[PDB]
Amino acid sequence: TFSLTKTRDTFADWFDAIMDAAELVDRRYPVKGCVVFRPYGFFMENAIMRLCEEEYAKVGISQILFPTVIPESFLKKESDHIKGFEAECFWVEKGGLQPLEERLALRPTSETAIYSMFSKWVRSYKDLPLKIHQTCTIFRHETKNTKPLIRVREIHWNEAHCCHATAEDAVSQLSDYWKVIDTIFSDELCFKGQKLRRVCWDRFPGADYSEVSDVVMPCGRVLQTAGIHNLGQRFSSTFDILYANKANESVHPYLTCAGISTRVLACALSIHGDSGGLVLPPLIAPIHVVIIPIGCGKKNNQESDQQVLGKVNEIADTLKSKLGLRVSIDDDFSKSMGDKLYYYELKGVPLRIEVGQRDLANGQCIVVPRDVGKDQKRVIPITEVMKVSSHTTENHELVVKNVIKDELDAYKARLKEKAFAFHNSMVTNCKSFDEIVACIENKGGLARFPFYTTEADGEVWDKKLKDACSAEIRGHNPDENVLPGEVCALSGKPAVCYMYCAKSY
C-alpha cells in the first residue's frame, strides 16, 4: 500500500515504489537496465514523443526511421565521437551460427549512421536545409546502477538531426529546438529546467558546443533532460558531406542535433508526485477523468441506479465526444470508495467526478482535482458540466470551452506554479567555495556563482568541487549577463559569467 511523503531524503525510495505500484515499468526483465514499459507507463512516454513529433513537424523537421544496426566502419570514422561512445556499444557479431563479415553496433546515438546518409542526400544548396528526426531506442552498455527512465541500457528517445547551409542557420536551429523543449516541458508537462551552455570540457563527443536543460529533481540532484548541440562542420568533413553553393563552391554544411529521452517523463512524474503517488499533467494522463457512480446497489433501488448510471454515461459521452477527453467509468460496486480513491490517486488521474442519487436529485455532481484533493472538492451542476460552447477564430481554429476543461487548465496552472516555485527555490547564489559546498550538502539543487572563465582552465575548479562535495560545474547561461566589477567566487579574479554547480544523476 503506497503512502510515502516525497522529500529529499525519501525520493529515491518513492520513485522505485511508484514505478512498481502504479505499474509503469517492470524491472524484472532479466537483462540489466532493460526495463519493460507496461501499458499505463508507455501511454505517457508515447504521448510525450508524439507531441515532440507533432511540434517538430510544425517547424519543418520530418520524421524518419533508420536501422538499429550501425556498421563498425561508420561508427569509427569520427575520432572524438567514437572515443566518447565505444565503451557504450553493444556489438552484434554473428547471424545464426555464422560470423558477420562486418560487425554491427547497436546504435548508442545515430550521428555516424545519419551523416553517412546525409553525404548522399546533400549535393547542392537546393537540398538544404535537411531536417529530420526519429523516435526509437538507443543502446548504452556501460550504464551502471540502472534506474527506470533515468539511467537505462536501452533508452527510448527522440533524436533530431539537421544539416544547414551556414553557421547562422545552425545557430537559429538551436532556438527552434529550444522552442519545442519549452512547449513539452513547461506548457504541457508543467515543469522547468535550467538552460545552460554545458562546460566545454564535457561537451557532447564531437560537438563544437552543447546546450542542456538540467532539471532539479526532488532529491536535489539535477537530471540532464535535454541535449541540444551545434556540431559545427566536424562531422561534415569526417563523413564527406559537401554541397555546391550558388557560386558552385563546394562547402561543408553545418550540423545540429537535439535529443530527449524517457528522462522527460521521469521529471514530470517525480516533480509533481506527492504522498498518494502520481499527479499527472493532462498530456500524459491515460485517463483525464474518472467518473464514479456512488450509492448504487442498495435494496430495491434498481430504478435509481439506472438513472444514476444513465447520467454518468451522458456525462462521459459529452466529455469524450465534444471535448476529446479520455474518460473512464468505474462501476464496480463491490469496491469501497476508499479503495477506489486510493487507486485513482495512486495512478494520478487529474479529475474524478462523483455522481449519486442524492446529488442527481439536486442537479449536482462532485468534481475533485488530484493535486488538492477531497478538502477542496467542487460542487458543479450537472447542466454546467454538460455545457459546451465553441467558436471559430480568424484562422478557422476551433476553440471549445467547458467547466471540466477549465478545471483541467486550472489544475495544470497549479502544477506549473508549484513546479516553477520548486525550481526557483533550488537555485542558490553563492559567493565562495564554502557557500557552494554547504548549499550542495544541506540544501541540494543548483549553486549559482560568479566565475572567472568559461574556458578549459575552469576544469581545475570542477575537480576541487567534485572532491569536496561530489558536485560538478554544469555550465553557464550565456543570456545571463554579469554585472561589471563582480568577482569570481572561487579565484577572486574578475567574473565573466555565472556558473551553476550541482550533484548530477
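Counting begins at 1, following the sequence as shown.
Mean CA temperature factor is higher for 76 to 84 when stretches 119 to 127 and 76 to 84 are set side by side in the entry. The mean Cα B-factor in the deposited entry runs higher for 482 to 490 than for the other of 14 to 22 and 482 to 490.
Sorting 192, 234, 195, 263 by the CA temperature factor given in the entry leaves 234 at the top.
Per the deposited coordinates, the residue with the largest Cα temperature factor out of 181, 106, 399, 241 is 399. When all modelled residues of the chain are sorted by CA temperature factor, residue 139 is found within the lowest third. When the modelled residues of the chain are ordered by C-alpha B-factor, residue 339 sits in the highest third.
Among all modelled residues in this chain, the alpha-carbon of residue 208 has a temperature factor (C-alpha) in the middle third. Residue-level temperature factors show residue 347 in the middle third of its chain, judged at the C-alpha atom. The PDB entry assigns residue 214 a C-alpha temperature factor belonging to the lowest third of its chain's modelled residues.
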